[PDB]
Amino acid sequence: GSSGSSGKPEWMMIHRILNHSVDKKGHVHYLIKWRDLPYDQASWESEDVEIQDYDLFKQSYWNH
């Protein structure tokens, strides 16, 4: 599955990619909506952040 000591918890989930934005630097960011937290609490997470099935969500939102 997924290994690594320093990464991310289990409670942290990704409801659905609200939107995406590319900072002036270039790094692509994806507005992740922490299922637990509401939409008003949502936060911006770069495309580097390691989250459960993070690559899948990003791949999906894009295709669709």
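Residues numbered from 1 in each chain as written, not as in the entry; some residues may be left out. Heavy atoms only, no water.

The deposited coordinates, according to the entry record, derive from solution NMR.

By the naming in the PDB entry, the chain is Chromodomain helicase-DNA-binding protein 4, taken from Homo sapiens. Listed as the entry title in the PDB record is "Solution structures of the Chromo domain of human chromodomain helicase-DNA-binding protein 4".

1. Some details on the pattern of salt bridges
Just so we agree on the cut-off: Should a side-chain nitrogen of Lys or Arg be within 4 Å of a carboxyl oxygen of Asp or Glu, the pair is scored as a salt bridge. Secondary structure elements follow DSSP: runs of H or I of four or more residues count as helices, runs of E of two or more count as strands, with numbering from the N terminus. Per-residue accessibility, obtained with a 1.4 Å probe over protein chains only, is compared with the maximum for each type, and a residue is labelled buried under 20%, exposed over 50%, and partly exposed between these values.
The full count for this structure, using the stated rule, is one salt bridge. Salt-bridge contacts for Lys-58 lead to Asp-55; the nearest nitrogen and oxygen are separated by 4.0 Å. Taken as a pair, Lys-58 and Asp-55 lie in helix 1 (residues 54–63) at a separation of three residues, close to a single helical turn. With a relative accessible area of 60%, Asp-55 lands in the exposed category.

2. Let's talk about the nonpolar core
The test is simple: By nonpolar core we mean a set of buried residues, namely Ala, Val, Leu, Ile, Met, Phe, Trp, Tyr and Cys, connected to one another through side-chain atoms within 4.5 Å. Every residue pair with non-hydrogen atoms within 4.5 Å of one another is taken to be in contact.
Within the largest apolar cluster, nine residues are counted, these being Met-12, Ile-14, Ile-17, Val-28, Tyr-30, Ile-32, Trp-34, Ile-51 and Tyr-54. Discounting residues that sit within four places of it in the chain, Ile-14 has contacts with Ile-32, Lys-33, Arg-35, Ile-51, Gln-52, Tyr-54 and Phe-57.

3. Comments concerning the packing of aromatic side chains
For clarity, the cut-off: Classification of ring pairs uses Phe, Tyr and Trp, with its six-membered ring standing for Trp, and accepts pairs whose centres are within 6.5 Å; under 30 degrees between planes counts as stacked, over 60 as edge-to-face, and the remaining range as tilted.
Counted by the stated rule, this structure contains three aromatic pairs. Taking the centre distance of 6.2 Å and the plane angle of 80° together, the rings of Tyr-30 and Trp-62 count as edge-to-face. Residue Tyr-30 is located in strand 2 (residues 28–32), and its partner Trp-62 is located in helix 1; the two are separated by 32 residues in the primary sequence. You can call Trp-62 partly exposed: its relative accessible area is 43%. Ring plane angle 45° and centroid distance 6.1 Å describe the contact between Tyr-61 and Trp-62, whose orientation is recorded as tilted. Taken together through their ring pairs, the aromatic side chains of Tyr-30, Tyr-54, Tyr-61 and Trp-62 make up a single cluster.

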